[PDB]
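The data below hold one chain only, encoded as structure tokens and taken in the form deposited in one PDB entry.
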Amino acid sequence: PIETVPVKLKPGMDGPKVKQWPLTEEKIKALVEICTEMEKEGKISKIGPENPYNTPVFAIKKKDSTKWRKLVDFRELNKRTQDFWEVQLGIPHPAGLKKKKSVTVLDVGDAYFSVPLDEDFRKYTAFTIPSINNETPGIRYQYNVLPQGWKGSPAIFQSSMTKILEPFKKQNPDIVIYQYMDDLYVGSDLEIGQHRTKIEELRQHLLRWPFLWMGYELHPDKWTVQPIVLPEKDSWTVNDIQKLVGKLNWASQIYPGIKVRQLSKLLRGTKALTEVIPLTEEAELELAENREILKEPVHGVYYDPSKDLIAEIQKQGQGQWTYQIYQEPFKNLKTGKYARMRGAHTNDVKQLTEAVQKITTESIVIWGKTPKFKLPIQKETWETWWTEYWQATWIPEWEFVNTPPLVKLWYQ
């Protein structure tokens, strides 16, 4: 009884044609059980090879959850419908969400399964379930309703979501509610007891209309930043000063007031690296002035909503991971550091996966965008393992880099 909102691709772009990648046994058995129930409910329908489109599919388990969750990699389809969920029916981003003391994330993507999908657009949501040892050919489906993980789903459902959240927002004018992909970000300054009570009231408000029982909690008021800091030693060697001048010279690309004149004068000659060099009066002055500039904020650094976010991550060792978010080089909007995450001291890929999820979550809360990641890892290493550790219902864009640490800039 609902008219299908017409959906069109961006002009001059065809649908996605991405090959399905191999899935483990437990993931194939999970998707077969899930898709059988979705077909019986009419959410998806089987298709044939005359549909040349395809999008990868796999399954995940959220944190502290033993239930399998179907996850479609609509990253290609999403950027082929960008003029829809950003120009036509965009979702405004509240600047106060990052200021709330607590923010709960609610998986509301199940609600999208009640709105029909435009018939002329269903062919683009095609996916293929693989089989172990290629016992059977791929089992292809397409979506009949708004699919989870597609950016067009929250945009079309937004009019329905507004009406559902209308009584709750009136009841609580202080609560900030933001919607991104399949998730609902609910932030309040209420105490932990009061917050979770208000979250449960929102859950019951949605029930009177399979992962609604979960609530991942955030605290953006506690989110820290990792500035560039200079070492403080009692004695300085030639090697210490060479590293310091190297760090300051690179930091000058960000802070143009940094000077290295007096510090470089300490190395006049051809000295042994372990020779102790006493800091002169001017050297102490220049180093003290540089420590103050690194505390001052960078000039002309602000968020441009028209530009993409970019995230770089550095493996610092011993479970330490630093990251920077920016839109223009050396104009970082945020710098941080993670330590002692899951997989620390045993699994780089799990740690890097966790870091990508944390950074993306922070970017959704602060700006409402996900960044494109520059991952310090080989493509084959990441693509072999990352789905084993993914616990989010969205997927960011990423590319692969290899930058040897010539100077430890973000972590001494």
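For the two forms, the rigid core is made up of the largest set of C-alpha atoms that agree within 1.5 Å on superposition. One rule holds for the numbers: they count along the sequence shown, beginning at 1.
One more form of this protein, deposited in another entry, exists but is not displayed; see below.
Here the two forms are overlaid on the core, and between this form and the one not shown the C-alpha of 91 is the only one among 310, 145, 175, 91 to shift by 2 Å or more.
Residue 343: CA moves 2 Å or more between this form and the one not shown after rigid-core fitting.
A decrease of at least 3 Å in the separation of the C-alpha atoms of residue 405 and residue 401 is found in the other form, compared with the displayed form. Annotation for the pair residue 301/residue 407: C-alpha atoms approach each other in the other form, by 3 Å or more compared with this form.
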